[PDB]
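Chains as they are written, first to last, in PDB author numbering: chain B, 5 to 220, 229 to 335; chain A, 7 to 335; chain B', 5 to 220, 229 to 335; chain A', 7 to 335; chain B'', 5 to 220, 229 to 335; chain A'', 7 to 335. A prime marks a further copy of an entry chain. Think of the CB as a built atom: it goes at the ideal place given N, C-alpha and C, for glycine as much as any other residue.
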Amino acid sequence: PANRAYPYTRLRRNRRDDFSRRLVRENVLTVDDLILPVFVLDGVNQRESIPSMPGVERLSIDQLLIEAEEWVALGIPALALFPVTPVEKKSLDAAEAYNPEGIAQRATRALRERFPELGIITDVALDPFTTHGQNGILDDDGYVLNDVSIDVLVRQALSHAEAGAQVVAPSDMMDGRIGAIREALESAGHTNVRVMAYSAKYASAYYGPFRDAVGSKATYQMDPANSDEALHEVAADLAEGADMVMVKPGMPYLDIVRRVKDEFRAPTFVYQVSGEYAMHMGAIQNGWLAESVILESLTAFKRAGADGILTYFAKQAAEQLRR
Amino acid sequence: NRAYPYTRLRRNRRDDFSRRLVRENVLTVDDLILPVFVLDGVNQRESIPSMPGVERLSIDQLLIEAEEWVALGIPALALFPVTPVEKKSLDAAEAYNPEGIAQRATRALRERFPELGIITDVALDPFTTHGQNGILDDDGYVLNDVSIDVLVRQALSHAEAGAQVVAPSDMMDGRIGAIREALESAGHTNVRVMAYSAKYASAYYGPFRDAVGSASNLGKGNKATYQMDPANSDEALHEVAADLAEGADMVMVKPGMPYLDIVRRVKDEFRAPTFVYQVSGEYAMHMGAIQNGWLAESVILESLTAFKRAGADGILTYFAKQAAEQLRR
Amino acid sequence: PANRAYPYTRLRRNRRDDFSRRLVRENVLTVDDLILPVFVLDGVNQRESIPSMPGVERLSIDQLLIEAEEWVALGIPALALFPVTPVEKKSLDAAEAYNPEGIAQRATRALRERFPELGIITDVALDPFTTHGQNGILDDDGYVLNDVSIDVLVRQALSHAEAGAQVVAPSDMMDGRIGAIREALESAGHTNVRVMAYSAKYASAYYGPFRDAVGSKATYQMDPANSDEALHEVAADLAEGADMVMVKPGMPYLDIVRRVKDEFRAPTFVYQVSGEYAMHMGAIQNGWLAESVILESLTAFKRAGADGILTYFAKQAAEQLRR
Amino acid sequence: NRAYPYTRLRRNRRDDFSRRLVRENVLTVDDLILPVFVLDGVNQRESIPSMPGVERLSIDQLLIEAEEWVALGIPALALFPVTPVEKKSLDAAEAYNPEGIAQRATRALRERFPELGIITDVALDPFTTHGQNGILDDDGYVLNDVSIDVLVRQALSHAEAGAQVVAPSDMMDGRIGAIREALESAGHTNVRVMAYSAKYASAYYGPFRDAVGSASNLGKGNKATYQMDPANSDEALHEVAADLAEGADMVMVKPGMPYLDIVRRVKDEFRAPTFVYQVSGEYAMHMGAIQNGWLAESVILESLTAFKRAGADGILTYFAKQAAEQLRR
Amino acid sequence: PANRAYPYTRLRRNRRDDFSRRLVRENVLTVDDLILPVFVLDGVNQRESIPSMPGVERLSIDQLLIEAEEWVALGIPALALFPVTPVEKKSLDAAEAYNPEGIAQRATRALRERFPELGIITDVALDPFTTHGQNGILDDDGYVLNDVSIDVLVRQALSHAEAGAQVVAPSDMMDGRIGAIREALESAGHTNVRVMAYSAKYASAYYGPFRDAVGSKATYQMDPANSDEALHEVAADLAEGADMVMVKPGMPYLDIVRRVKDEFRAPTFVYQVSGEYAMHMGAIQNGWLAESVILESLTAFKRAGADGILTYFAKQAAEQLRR
Amino acid sequence: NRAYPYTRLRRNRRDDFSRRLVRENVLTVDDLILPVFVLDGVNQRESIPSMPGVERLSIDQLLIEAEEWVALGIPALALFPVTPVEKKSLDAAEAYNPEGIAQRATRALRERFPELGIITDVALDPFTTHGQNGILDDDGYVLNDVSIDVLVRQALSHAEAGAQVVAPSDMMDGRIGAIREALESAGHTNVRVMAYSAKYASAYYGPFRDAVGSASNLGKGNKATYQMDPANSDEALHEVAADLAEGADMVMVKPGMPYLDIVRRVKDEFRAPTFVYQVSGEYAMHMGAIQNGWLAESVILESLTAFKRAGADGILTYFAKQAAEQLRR
Ligand SMILES: O=C(O)CCC(=O)CF
Ligand SMILES: O=C(O)CCC(=O)CF
Ligand SMILES: O=C(O)CCC(=O)CF
Ligand SMILES: [K+]
Ligand SMILES: [K+]
Ligand SMILES: [K+]
Ligand SMILES: [K+]
Ligand SMILES: [K+]
Ligand SMILES: [K+]
Ligand SMILES: [Mg+2]
Ligand SMILES: [Mg+2]
Ligand SMILES: [Mg+2]
Ligand SMILES: [Mg+2]
Ligand SMILES: [Mg+2]
Ligand SMILES: [Mg+2]
Ligand code: NA
Ligand code: NA
Ligand code: NA
Ligand code: NA
Ligand code: NA
Ligand code: NA
């Protein structure tokens, strides 16, 4: 407090003018904070609209390369790739995951060659490759087997490193998967490939639209009621070698972002998920909310402690920041 | 916890994109305040040898240069009048002259650039024959409360001239409260007070004394009875606590680079709007080295980034224009 | 706060007189805080001036011994040696580094014999010995190979211990190099040789003049924007066995010194680098700043939490402290 | 984290140079305050059997010895008058006598050694027939507020005599605020108040009582109704908080060595100028042991270093001259 | 603070009466806090006075058993044994240390048999058994060899456990000796033998009289200037398995006791050393200080955070507490 | 850090001597306060069925029993008058009757046992026809400030009777400050105020209501508008902070065992003299179980030790005599 008291202290003084608001402004969003998730199609010269994600398109790799030209020109530091697996590549083997000619691997090679400075974050998970939509070579009971699921994630991770990905991101919420991939990457010579852990991953309703986008929980994803638990999750991932840790979903979990940054003072990331994007975009299109909520929502992440934000608004935000 | 080689801190450093993602602090033009030395008269511009690249300017010239500063986005200027020798006195009356340089300059800038912040200097050092920041007793001691009376008159004259911020750099005890009371009583509800809270008795002020012309007046005189002992850190927290209690809208640590630890402690302890003055000597040291080819120009932004990393919200720096130019690229 | 309020509390009271200023003075610099870096030439009866470091001389070993007589008489506890490698001893083998007759090794033996109580801190690094100025048996891409660079640093470290150095200081910023040298020193019987880690080492412009002195970064040296990261760096070095940890450069990073001492309460050192020395010395010589800034700058390090300061002003400071 | 043998704490201890580099605290003469017992009369010097090496001195002799203390760099003395028996009374009026020993000694020292700090003792124990630090009621209880009235008069007389610091050792509640108010009202703006904040009801004061001549007056009397219970630590923090709020410039913990934990807590909690009195009994214990050949003289500096390590900024110690002499080497 | 202010708050109110002083009294010394160190002679029916420790006697084992009857009746929970080794049993072998018929071992057996509930803390150290007064099979340079010294301490520790000691206390300040003895005790089946580590052991002048008592430093004992260092020392001993940690000397280091208890919240002990005892006892005998300083000094240890106090005043204190 | 089997926590537990050495807390008689129910009249003793072993006593009988309590070392009693039904009223005037039971009992005990602490109860529940701790408005609400006026009169009457401590158990906002002001103004400088600070609206008070005879008056009435919601912990800290600011010498948490977490938080946050009342229901529960042979008598000391471990300095407990007896062995 410092015994600050009205009227000696009037907090409106600094708010009186733009210049003083700017001087005391505690946080600022910049393009350096933005990661753009992209849905990648197989094939050539194709784009598809996603009903529950207005404005977001699934893109074939050639189209991805065209759009990346502008993303790069805008300063967006990295993309997070999410392949849209053809149903015929799905299965049990769950081996389109480590397939060198799989969409993620092809997209990574293409982008790394064309835009060498652009960061590529690949998705380490099996569900986009399971006929049963499950992040595991599941058990005969339907429980997502933990350690066996981790086995799969490793070859996939190595395949991403082999394709040139600078960052692999296990989006799975299996216990101890960070250490396993880290060890594998180190043992294989991929010394500088980063591991972005989806550390505090909640069992959330906000993922709805993403499932629509990719064409695809309580026993592995965290209970939304729990906060302390998130700290234990992050601690474990850091101990296991993660270079960056993430809180998932974002705005509905800003308190978790704050606690995670405060507790560990580590590179902290946050995903503004499909559902968050869709509810904002829908309200803006309906004429219910001004466009300014986009930057307001992103500023919240910075204020809360996030270093980077995975957001489907990345291009629009970068354009506004440029302006 | 984190042990090598599971943890290799070089991974995030490997590439520009990851360095950008994890970068903890960034300097922007919103963090810059440009101090300016203001002359009397018309069409006057004077180079300062101990401050290479810095010029004293008459008000008309100040108005011309401000056009570029404003275009660059610099949010505020901090004005320092170069008082004519004949206007110095024992009573420092020129400090509250409605026609003093600081007052005239403020009125001119407020009219020409209404959105530009003007921070005036509340202190008697530019107006005394002896160069001390207050009024002297018969033993040569800078009287605290009697000095405050003059500082209050000065601050009121600045508010009347239209200054949005008055910045007491005097280091008298209790002056923030006295000034705040006076401002409130006079109806200057929104005039900010940027307290020079943890102001050190430093050797880094030399070039400024030349710039403003207080050097000859001060001679070999010191300010150890009011400016803080450089050895002291805890004392800084007590200084800031008092100024916040007394109504300051912003608190400042003075000099800058040689006191980054104080900036850090102050921001951490109080979570209040915190400044930091990169003083004349800091500017001169860096400029000298750059001009000799000893340091790359990049050191300017590195020095300024340090302030942000240390916890400062705003930086008084004679490099503000150069920095803003570099930032625009 | 303790509800301290003007005018019951007037902080100027203790400032009124020298005696009360002395009584409450929180920190004092002494000669026990000073480490003097020295540039050492090959050959005999030679000294060279360094254009960007006015007042600092490169010294042949015989000359170093002459000057050390006074450094020791002044109470300076330790020197940090930096050899000026002849271009013909440079290379790839990068093996002048562990050469028993290399400058550093020769200088160490000479000083240890003549001044047994004087601390000698040697520089564990390869760049002064690379034809390509790189702290590593570099890769074919130009990336400073981490683990392979560490291999080299070990024999060099052992060679320094073999020459009698009481402290070795890896100035390199390679991940996990402290543990490797510690293990090597322990395994070899050098139980009491100290390791002074350059822990929080920034990619800085302030090193300019040093490069001039020795005749010689973002992927290994730290981003000046980062503070939290410095804590993780120090933690790792302490876990790996460092006896002392250092923040590098100094004055532009005083906040880091403060955080490091507060967080770990370990022997903490700071380097007032060549650029800091040069900018101060230039201003003093130009008649822009009084000589008193030297002690002011050094006092700052103590106030900030430093136990020891590597400074090119060590002799001048010690002389003033003696006075 | 740190585990053997990666971490061997003996490494830094191996050599003098590394021990010096990592040494966390250092005692200097700037940390020393010398208490002195002052007699009435001329050419008087009296040995104190329970304080070997310490002498009571008349003012003329005090002035002579002070020459050496000042040459050694000792920043301040703390004066303790040895009140003549016939000047003791129920009302302790001698406490504020402008011609009392403390007042006369202060005037003499202020004139002879203008830079030397003089800390006077604000307390009524030397002036009462009963030896208590305040005025008694009909039940033999030391009245708080009535005592403060006398202490205020005393403190004002010290300020008038020129003392730069008054040090209330009385342990009345609220006396720091009362004295500060009085000093401020009288214009003694810069007179420091060194509060004996966490003052314990200790057995270590015996020799002092002999030195000052309050022993016979106090008899078997105690001070448990005002001096603190030695068992209490948290209470010390409340005592210091109040004295800071009330305006103390320095706060002190009393005795020293047997209360180093309190020094540590106080410095940690408040980050204010903290003192610590190495009392007569501490001095006597050490001196006795040294003179018997049981402890090496080195123990003097070890005892004083402890105070610095514990967090004290300044130490009242009867070893100040010896320490300063050893430090000069 | 809680905005407590005079005269609403008068701290003298609780001091007004004995009953309220008792109610708010924060700490109390009891016999449960006292450990009595005893100097043990070889032979029978002997006692010797120690010039620099007035009132303390060296005792032959039969005499020790006689005095222990009262120590036990007074409630003193434990003794710390210090044998007074005959010069002829001294040496190099330094093997009177692990001699089953050595004084410490004989005294332990005797006490354990006669007073089964009385705690016996033995001294693990070699110096009482070295002809050169050194806690190590020293080097040829005079440096107290660390690891080799630890070798000796282990058999001695086992010999104490074999004699029935419930607690062994390495008073040596060698790095990592706690782990070595712990491992040895565990490996040998001495599961419940406690290890009381002399953790923060200062190079002090206060040990003078003890050397007189037993008939016997900066490179192993801690610099009295250092406080943070004490925390690192204690942390290491706790990690190595110590059941109790000790600060040594006591009153001159009360701040360390406070920091150690606050930081680790572990069983914390403190030694009121020979020099502390002697200076108090001398002043009391000279008529300079009242006897009450004994309890005042011991109360300080409790207030500072000590759980147990090794003190030569234990009997006198226990007698007063009984009264 | 500590891992099995390097660390076996059972080692210190192996023997009584080591358990004693590491034992963190100890209960002593200095920690005990005995509440007593006082009857009007002469030679009256009445058993309380819901409080087995506890008797209401007339003053003459109280004086006789106090002889043993004092011999046992019990430092203080807390008096609770059993007000005759005909003395209850809307205005609770009996609360400040100089001839009320509490006042008479205090005078008698102060004369007979001058060193024994007497803590009187400041509250109107024993004196109102409705059993509430204050005065009611026309809506049946316990008026805060109007109640304070009566509590102040009561507290003054207790001070006049000689009580060393008044203990407001009313839970009106601001009453500690009002009472303190009144005590100070009247010259009762040293009368302690033991605030019932974090007083919960509990079901554990049943037997007390029987003991004092407020049960029939209260009927099914509640105190949720003034006593604290048992679910609330943070609120307790705000309650204590206010009472300390208002001048309380001691602060209390009420009930005890079911609120040990609050005792712990309160001691930790404020480091002030902290109490805790082991209430009638706690006593009854334990006594019932002991008498049924369900729990060993050892549970008494275990329950009391819990309070010390939780951070209490003193405990109000109807087991005080039994505990003191056991402690004497
Ligand atoms: O769609 C979901 O349930 C969340 C996405 C994942 O969990 C990816 F492996
Ligand atoms: O010159 C530099 O870049 C810093 C010096 C080092 O890094 C030494 F190995
Ligand atoms: O006498 C000393 O130096 C201390 C005693 C020890 O160190 C015991 F092994
Ligand atoms: K800003
Ligand atoms: K970022
Ligand atoms: K000092
Ligand atoms: K040092
Ligand atoms: K108690
Ligand atoms: K104990
Ligand atoms: Mg996990
Ligand atoms: Mg101030
Ligand atoms: Mg590192
Ligand atoms: Mg007080
Ligand atoms: Mg150790
Ligand atoms: Mg309340
Ligand atoms: Na996924
Ligand atoms: Na100024
Ligand atoms: Na280097
Ligand atoms: Na006194
Ligand atoms: Na020993
Ligand atoms: Na009640």
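Which residues in the same chain as residue i place their Cβ atom closer than 6 Å to its Cβ, once the five residues preceding and following it in sequence are excluded?
i	result
B/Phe43	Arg62, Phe86, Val88, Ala217
A/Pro236	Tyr206
A'/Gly79	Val35
B'/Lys260	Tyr202, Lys205, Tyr283
Contact criterion: CB-CB distance below 8 Å. Does residue i meet it with respect to chain B?
i	result
B'/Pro5	yes
B'/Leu243	yes
Between residue i and chain B'', is any beta-carbon pair separated by less than 8 Å?
i	result
B'/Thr34	no
A''/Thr112	no
Report, in whole angstroms, the separation of the C-beta atoms of residue i and residue j, which I expect to be a contact under 8 Å.
i	j	result
A''/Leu250	B''/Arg8	5 Å
B/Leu322	B/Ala84	6 Å
B/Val272	B/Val246	5 Å
For residue i, I'd like the list of residues in its chain whose CB is within less than 7 Å of its CB, leaving aside the five on either flank, ordered along the chain.
i	result
A'/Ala184	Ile154, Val158
B''/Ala98	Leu130, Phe133, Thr134, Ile141, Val156
How about residue i: is its C-beta nearer than 8 Å to some C-beta of chain B'?
i	result
A/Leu130	no
B''/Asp235	no
B/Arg277	yes
Does residue i come within less than 8 Å of chain A' when only Cβ atoms are used?
i	result
A/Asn150	yes
B''/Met258	no
Could you tell me whether the Cβ of residue i comes closer than 8 Å to any Cβ of chain A?
i	result
B'/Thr231	yes
At the 8 Å Cβ level, is residue i part of the contact set with chain A'', yes or no?
i	result
A'/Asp240	yes
Within a Cβ cutoff of 8 Å, which residues of the same chain sit near residue i, ignoring the five residues on either side of it in sequence?
i	result
B''/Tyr210	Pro261, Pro264, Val285, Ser286, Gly287, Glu288
### Message
My parser needs the beta strand (DSSP E) runs of 3 or more residues fully inside the segment 73-126 of chain B'; what are they?
### Response
82-87
### Task
Anything with a beta carbon under 6 Å from a heavy atom of ligand 20 counts; list them all in chain order.
B''/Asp127, B''/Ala129, B''/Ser175
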